[PDB]
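[1] Provide a 3D model corresponding to the input given below.
(2 chains, ligands or ions: 7)
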Amino acid sequence: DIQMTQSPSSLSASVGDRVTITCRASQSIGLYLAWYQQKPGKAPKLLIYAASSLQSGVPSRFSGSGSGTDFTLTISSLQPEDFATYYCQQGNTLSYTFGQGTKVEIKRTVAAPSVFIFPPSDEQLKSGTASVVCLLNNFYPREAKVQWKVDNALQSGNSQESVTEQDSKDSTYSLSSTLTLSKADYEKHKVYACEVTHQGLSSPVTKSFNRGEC
Amino acid sequence: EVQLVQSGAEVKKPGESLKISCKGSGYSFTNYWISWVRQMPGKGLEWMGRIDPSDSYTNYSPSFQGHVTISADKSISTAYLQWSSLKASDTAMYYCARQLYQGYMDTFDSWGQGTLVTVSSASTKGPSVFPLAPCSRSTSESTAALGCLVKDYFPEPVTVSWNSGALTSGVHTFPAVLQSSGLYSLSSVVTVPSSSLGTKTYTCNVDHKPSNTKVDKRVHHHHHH
Ligand SMILES: [Zn+2]
Ligand SMILES: [Zn+2]
Ligand SMILES: [Zn+2]
Ligand SMILES: [Zn+2]
Ligand SMILES: [Zn+2]
Ligand SMILES: [Zn+2]
Ligand SMILES: [Zn+2]
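    Residues are numbered from 1 along each chain as shown, chains lettered A, B, ... in the order given. Ligands and ions are numbered 1, 2, ... in the order given. Please find the structure below.
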């Protein structure tokens, strides 16, 4: 029960930047803190131990400081291979515990999304279900709000969304949101709309279609 | 090299038992402790417990105490993690890791590649594939989007290509979402020149190894309005 709190939970940085991530323990752990890097789908890699000691084979741009309850991992000239998630781990006493992680992401300029809406197919409807999809293409930063309206009524609890990792070419995100209704419910309404709010837009953008007209 | 290699991905139902393995090589297996770590979908790392292979002395996190058993067969340099009865909530990536005591603390210096364990009452099922295409009078720019919705399959993953792999630029294949049905759904989209709509054909190709199925879908809006 030594709780580790990392901050921030995420940050955006550029190649060349000096990045600092902090770890705080709920009580003193002396120097007994380690740092790990993890990339999506891969196992963690040890970077630093005993607060300040560099693990064999790790680039010296990684360094650690602190003692007691306050610790920092510093990456002094961030490289393309360093975009990843980082975790602290205390080793003062069992049980070993980890911080919740800090995701280091790629900074770029604001980019508004292009927005598209797709009606359900006749083949899906035959099976009794209607999925309506809204796509937000190539935007930055990640923060976005997608709101579904049916007959101009805001929807709740009937949609799911997911987001890609940053694009390898332009460092943007894309997002897909699916609104799911039964066929009978889909057919009783007229207007289907998705409303998008994002930093890159001066006002929310709405894409919509009308059943019977689409 | 110091190496830990874990047993392969598992797909199980709730209530079933499971034992996964971690074989170490390139070092004296009995001189180093092995730890087990859990990483649930989209979450951080959790220490589960450790074992000293030289005498099988174990420690568990209080969270995991009584729910899993860590063991070792030092004669074959293997460590194990096991459940008598799985639950859906046990769905996660599991790592084994070697402990190296340096700077007077235990550190996880070498890690296995991970073992993905999926626990669900769902049964194997191939996806249905539906087109995503805009309404007839909706293409308002020089760039249009098309896609396909890959719905109601189990387990992960599916692979999606476009025009047999000829089309890769501007393709976005999203993370699957787990529906309340216990089945997954994902979408794959591509942006293309508005001028190519009708002149060029766009087909998504959807492979699902677990069900041994493949579905192609030519994408267009079939207009009756
Ligand atoms: Zn795109
Ligand atoms: Zn209505
Ligand atoms: Zn109609
Ligand atoms: Zn318990
Ligand atoms: Zn047609
Ligand atoms: Zn139509
Ligand atoms: Zn027709």
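
[2] Can you name the residues that contact residue B:177?
    Going by C-beta atoms under 8 Å, 6 or more residues apart in numbering or on different chains, residue B:177 touches A:160, A:161, A:162, A:178, B:184, B:185, B:186. Bear in mind the C-beta positions are built from the backbone N, C-alpha and C, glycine included.

[3] which residues pair with it across the strands?
    residue B:185 (DSSP bridges).

[4] any idea how far residue B:220 is from it?
    Separation of residue B:177 from residue B:220 (C-beta to C-beta, to the nearest Å): 25 Å.

[5] do residue A:18 as well
    Distance from residue A:18 to residue B:220, by C-beta to C-beta: 51 Å.

[6] Those two: which has the busier surroundings?
    Taking other C-beta atoms under 10 Å in any protein chain shown, residue A:18 and residue B:220 do not tie; residue B:220 has more neighbours (14 against 11).

[7] Which residue comes closest to that one once chain neighbours are left out?
    Leaving aside its chain neighbours, residue B:220 sits nearest to residue B:133 (5.4 Å; criterion: C-beta to C-beta, 6 or more residues apart in numbering or on different chains).

[8] need the contact list for the one you found.
    Per C-beta under 8 Å, 6+ apart, neighbours of residue B:133: A:118, B:146, B:219, B:220, B:221.

[9] tell me the phi and psi of the last one?
    This points to residue B:221. phi -100, psi 120 (degrees, to the nearest 10).

[10] In chain A, what residue lies closest to ligand 6?
    Closest to ligand 6 within chain A is residue A:214: 4.7 Å, counting by C-beta to the ion.

[11] re earlier: can I have the buried ones of the contacts of residue B:133 as a ChimeraX selection?
    Selection command for ChimeraX covering only the buried members of the contacts of residue B:133, criterion 16 or more other C-beta atoms under 10 Å in any protein chain shown:
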select /A:118 /B:146,219,221
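
[12] Report the two of the contacts of residue B:133 separated the most.
    A:118 and B:220 (11.8 Å; C-beta to C-beta).

[13] so how far is ligand 6 from residue B:157?
    Applying C-beta to the ion, to the nearest Å, the value for residue B:157 to ligand 6 is 32 Å.

[14] Could you report the neighbour count for that residue?
    When counting by other C-beta under 10 Å, one arrives at 13 neighbours for residue B:157.

[15] again with residue B:112
    Look at residue B:112: counted by other C-beta under 10 Å, it has 25 neighbours.

[16] and if you look at residue A:181?
    Using other C-beta under 10 Å, residue A:181 has 20 neighbouring residues.

[17] same deal with residue A:74?
    By other C-beta under 10 Å, neighbour count at residue A:74 equals 14.

[18] Look up phi and psi at it.
    According to degrees, to the nearest 10, residue A:74 has phi -120, psi 130.

[19] Ok, residue B:223 next?
    Per-residue torsions, residue B:223: phi -90, psi 130 (degrees, to the nearest 10).

[20] Could you tell me which residues of chain A lie near ligand 6?
    For chain A, the contact set with ligand 6 under C-beta under 5 Å from the ion comprises residue A:214.

[21] give me every residue that touches the residue most central in space within chain A.
    Nearest to the mean C-alpha position of chain A, by C-alpha atoms, centre = their mean, lies residue A:142 at 7.0 Å. Residue A:142 sits next to A:105, A:163, A:173 when contact means C-beta under 8 Å, 6+ apart.
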